[PDB]
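Quick note, the sequences are listed as chains A, B, D and C, same order.
Note that the first sequence covers residues 1 to 428 in PDB author numbering.
Note that the second sequence covers residues 1 to 428 in PDB author numbering.
Note that the third sequence covers residues 7 to 73 in PDB author numbering.
Note that the fourth sequence covers residues 7 to 73 in PDB author numbering.
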Amino acid sequence: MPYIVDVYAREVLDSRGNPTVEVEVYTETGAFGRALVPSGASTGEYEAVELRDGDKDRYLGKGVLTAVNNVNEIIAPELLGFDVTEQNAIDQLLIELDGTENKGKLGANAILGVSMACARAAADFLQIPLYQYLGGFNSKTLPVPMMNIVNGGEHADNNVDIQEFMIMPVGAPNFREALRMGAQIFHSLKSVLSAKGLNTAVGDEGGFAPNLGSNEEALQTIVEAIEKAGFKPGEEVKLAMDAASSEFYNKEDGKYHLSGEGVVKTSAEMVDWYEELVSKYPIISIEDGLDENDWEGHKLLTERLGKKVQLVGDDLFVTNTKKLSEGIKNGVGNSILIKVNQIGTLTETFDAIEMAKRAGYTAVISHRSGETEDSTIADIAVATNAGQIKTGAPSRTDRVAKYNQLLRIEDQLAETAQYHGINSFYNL
Amino acid sequence: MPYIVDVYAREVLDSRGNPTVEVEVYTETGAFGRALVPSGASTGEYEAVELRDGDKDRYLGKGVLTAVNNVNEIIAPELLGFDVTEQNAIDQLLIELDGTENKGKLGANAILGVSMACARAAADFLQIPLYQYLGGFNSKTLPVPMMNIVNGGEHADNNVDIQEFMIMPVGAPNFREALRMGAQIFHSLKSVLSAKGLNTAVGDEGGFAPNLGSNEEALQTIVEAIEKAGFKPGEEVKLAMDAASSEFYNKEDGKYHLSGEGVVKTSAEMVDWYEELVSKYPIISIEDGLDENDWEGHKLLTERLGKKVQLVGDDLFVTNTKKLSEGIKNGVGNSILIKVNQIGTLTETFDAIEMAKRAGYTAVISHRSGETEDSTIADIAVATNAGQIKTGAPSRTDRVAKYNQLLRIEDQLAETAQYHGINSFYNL
Amino acid sequence: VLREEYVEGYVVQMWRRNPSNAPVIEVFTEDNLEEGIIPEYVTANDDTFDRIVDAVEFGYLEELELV
Amino acid sequence: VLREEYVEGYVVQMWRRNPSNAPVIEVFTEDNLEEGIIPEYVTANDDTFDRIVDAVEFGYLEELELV
Ligand SMILES: [Mg+2]
Ligand SMILES: [Mg+2]
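Right under this line is the structure:
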């Protein structure tokens, strides 16, 4: 009965004025879906690459014609008269139309837009909410927001070598208090940085970017702001890092060049530095602590700390049906990094989360550092019981669209909505 | 819109002539649910006990009046005008009506009947299949049947000390071939046992019960039947055991009395015996290998074999919100045993499977050795991706109702239905 | 007829030979003793007949629902 | 009036004192400069005003949706 009659993509402008692609799916009965095609970055080679025009004269390589023609003239004639409540058949049909492994024929963005519009239309046809269409009836556990607070490294001009510092409010009863706590910690940190006499302007992903001297100064300032906000660190507010150690790894000699501290550390001294930082400050998660071509040091790191600090890895578990299952076998790291708009459909996302739940890992919903978003990721973070979402975005009107979409789920689950808190750290 | 107007339980007779209790739930729009109240055993003390009349003059303690009055006069006046597509609110309301921990006020069977009738009515109202109401859209992976083949110990009069031997066809492409393989292995074993000149009558849970001499003779005969059926053991057809070591454990001295072999083994010799049986025969699962009061030997067993043989444990992880989380912390065994009609509602089942998926364990859907069934367990085994179901039943007309209910799911998932096979042994 | 062989809810009645003709095996239920289902044998020997008997027990043929 | 303090999509306008009266803080959007939302302060100092300003940035008040 709910057969698809029209799949149609168009070009609209965002708040930034950049052109975005918008996929719509009509039915016979009048159900309606709508999803945004991402326009992000195409880093990596062993995963699904995103396809733009690449025209630097047209928005620095974010062209839309080759992304909208592939939807209107190839994908659309193969989806007439097809039933819309059959998500797995559509996700197999789109991959068979693509043909290659890295989705390089249609782009990994044009497939994801259709495969979420055809899942927002089926939730409109059945008159159930989208987090119950994707996840059953017992999908009621909102994730823990990872909220970028201080930038450094490539994103700023300062002597901070770690790229991103994050806070993770785990001592809150429900999601709304977990968001209010972060809203107060940002004000306390702006007060502290204005007391020191620094720049308090909002940087890239929402965090600040002051002129600091070392990593230890930043970890002093953030913990001092958490204490002045009124909360106890290590019990209610944890921290996290995104080290981005590939940026200061010199390949020719295999030594890490910490430009902030001016000290060249070898691959056995970085783990000794991370042990000191975990022993002094309440870090609970480290992202890309060592380069992915440093197996002799990475196997050391995953057992010196891997029982009390979460260690995620993106290119170590790069999103493919063969390469993500490679680092599972030798057992390095204890958490993987689900990136939805680099992974393809909605079937491969829920298989890649399940294969990480089996092998004892922990999924962290994330995104590449320049993509836009959409608002369906807040339903995938509830329906899969992922546990941690990374609420960063390149602009404020996408960040607030993450926040409101996760707050309009708790208001439907009124007497029922759980929250992880510290129970997401089961393997620590 | 779909408000409940009538909850009503009655008494009907099965194929055995025993009285069974049948719960029905009506709606306003005309949706309809129907579930069977179990009438099993109440073993254990730290879990939810089932409540009958206990009258030995009325079907040896399977009375129905105290199970149908609790539904018709207590549970039913609290569920008028309530919305039927809200499963979590109903499962919290029933526990608040119960009050105690072991469900001993209403019985753990009268709550489960209502909490599955109110989930088969909601799947009828939304016009979706029941394995997608409970599990999302990506619930497509049928479990591996564990099929009881040779009984021993308490269930028969022979010198076999292990209670139940099982076969697990893991080399099949889909579920229908996995059932056909077992259908041929039973014929080959009946041929072998008739060649030896033994009794080939069907025993308790569906398996045979011949007059054998030792455990090694049974493990020779089953492997010889697998080879004569045409299949390769260890690659396509595994085995399993249910040791039931509590039956021959003498408590006063702490020594195991193997009455079959006539040898009294201590707690360090049983693990040496299990290593020999795993090294000679393709056992992949051992159930209750040591008694639950033998921690000094059980901690030995869970590391001598726990990386290549699944070790389930029922009373070690007895179904409660506190006691099932006790054996997780010290880390004994690597699989738990979900028993649905001893655990209560449908919310606590899907939480107890999720807490086992987090801590690296493996769920095995099972049942107490004397309960009847219902046919909704075949939808819980698909919707949770449990992986192993135990298709035994006290009578044939319940066993075939398990088989047909798992075969009418593969015929709806026609081009989509997965199968575990050997991929369910991820922690080995 | 040949080897009626009453089983639980069914009968597996190999026919009469209908002279100079190969016999066939059919599975009937308790009523309706004239419909017949062919269980896709290859030879209809005694061993094939025993295979069909032990397949009606345990409750799986590929040809009938077997309630 | 006192400290208009233009922010991105809103204005946080503490009123005039309306002499011998405690001032109040209200959050208006760009249009509709006469409706006003009370953000549930306790004192309406300068520090409370800066708290409301830094709460309109980062996009969470408990009183308004903040599109
Ligand atoms: Mg991180
Ligand atoms: Mg990132």
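The C-beta atom is built at its ideal place from N, Cα and C for all residues, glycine as well.
With 16 or more other Cβ atoms from the protein chains shown falling within 10 Å of its own Cβ, A:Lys390 counts as buried. Among the CB atoms of chain D, one or more fall inside 7 Å of the CB of B:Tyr403. Per the coordinates, the alpha-carbon of A:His298 lies some 18 Å from the alpha-carbon of A:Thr362.
Per the C-alpha coordinates, the member of B:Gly421, B:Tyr403, B:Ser424, B:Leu413 positioned closest to D:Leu72 is B:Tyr403. Secondary structure in the segment 326-410 of chain B: the alpha helix (DSSP H) runs of 4 residues or longer, each lying completely within the stretch, are 327-330, 347-358, 377-383, 396-410 in chain order. A:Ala356 has its Cβ no nearer than 6 Å to any heavy atom of ligand 1. Residue side-chain check: A:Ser335 keeps its Cβ at 6 Å or more from all non-hydrogen atoms of ligand 2. Relative to B:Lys307, the option among B:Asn293, B:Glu275, B:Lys280, B:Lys323 whose CA is nearest is B:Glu275. Closer than 9 Å at the C-beta level to chain C, one finds these residues of the segment 189-202 of chain A: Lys190, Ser191, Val202. Boundaries of the beta strand (DSSP E) around B:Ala9: 4-13. When secondary structure is reduced to three states using DSSP, A:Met270 falls in the helix class. Burial check for D:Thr49: the Cβ neighbour count within 10 Å stays below 16, so the residue is exposed. A straight-line Cα-Cα distance of about 16 Å links B:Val202 and B:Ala218. Listed in chain order, the positions of the segment 51-68 of chain C with a beta carbon within less than 8 Å of a beta carbon of chain A are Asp56, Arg57, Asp60, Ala61, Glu63, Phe64, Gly65, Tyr66, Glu68.
Each residue's CA atom was taken as its position, placing B:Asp157 and D:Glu36 some 34 Å apart. For a Cβ distance threshold of 7 Å, residue set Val400 of chain B lies close to D:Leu72, ordered along the chain.
With a contact defined as Cβ atoms closer than 8 Å, B:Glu50 and B:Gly113 miss out at about 11 Å. Chain-order list of chain D residues neighbouring B:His187: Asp56, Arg57, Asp60, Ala61, by C-beta distance under 8 Å. Between A:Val278 and A:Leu301 a beta carbon distance of about 11 Å is seen, past the 8 Å cut, so the two are scored as non-contacting. Shown here, A:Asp124 sits in a helix according to DSSP, grouped into three states. In the DSSP secondary-structure assignment, B:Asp242 is bridged to B:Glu164, B:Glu287.
Judged by the Cβ position, A:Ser366 qualifies as a neighbour of ligand 2 at the 6 Å threshold, a heavy atom of the ligand being closer than this. If you ignore the 5 residues before and after B:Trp273, its C-beta comes within less than 8 Å of the C-beta of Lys265, all in its own chain and listed in chain order. Put simply, the CB of B:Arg52 is far from chain A, with every gap to its CB atoms at 7 Å or more. Ranked by how close their Cα comes to the Cα of A:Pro394, the residues A:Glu371, A:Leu258, A:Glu326 have A:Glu371 in first place. Considering only beta carbons, the part of the segment 10-32 of chain D lying closer than 8 Å to chain B consists of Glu14, in chain order. Secondary structure note for A:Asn151: its beta strand (DSSP E) is the uninterrupted segment 144-151.
Selection A:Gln163, A:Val150, A:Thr397, A:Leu134 evaluated against A:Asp374 yields A:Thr397 as nearest (Cα-Cα). Note on the segment 175-202 of chain A: there is no whole beta strand (DSSP E) run with a minimum of 3 residues.
Fewer than three beta-carbon pairs drawn from the segment 235-251 of chain B and the segment 190-198 of chain B are found closer than 8 Å, and the two stretches are therefore not classed as touching. DSSP, read as helix, strand or coil, puts A:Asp83 in strand. Legend: CB atoms of the segment 67-97 of chain A lying less than 9 Å from CB atoms of chain B belong to residues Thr85, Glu86, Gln87, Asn88, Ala89, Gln92.
Among the CB atoms of chain A, one or more fall inside 7 Å of the CB of B:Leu134. Of all residues in the segment 158-187 of chain A, only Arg176, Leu179, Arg180, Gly182, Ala183, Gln184, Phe186, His187 place a beta-carbon less than 9 Å from a beta-carbon of chain C. B:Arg396 reaches chain D at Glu14, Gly65, counting residues in chain order whose Cβ is nearer than 7 Å. Beyond the five residues adjoining it in sequence on each side, A:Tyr46 comes within less than 6 Å, by CB distance, of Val318, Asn320, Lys323 in the same chain, given in chain order.
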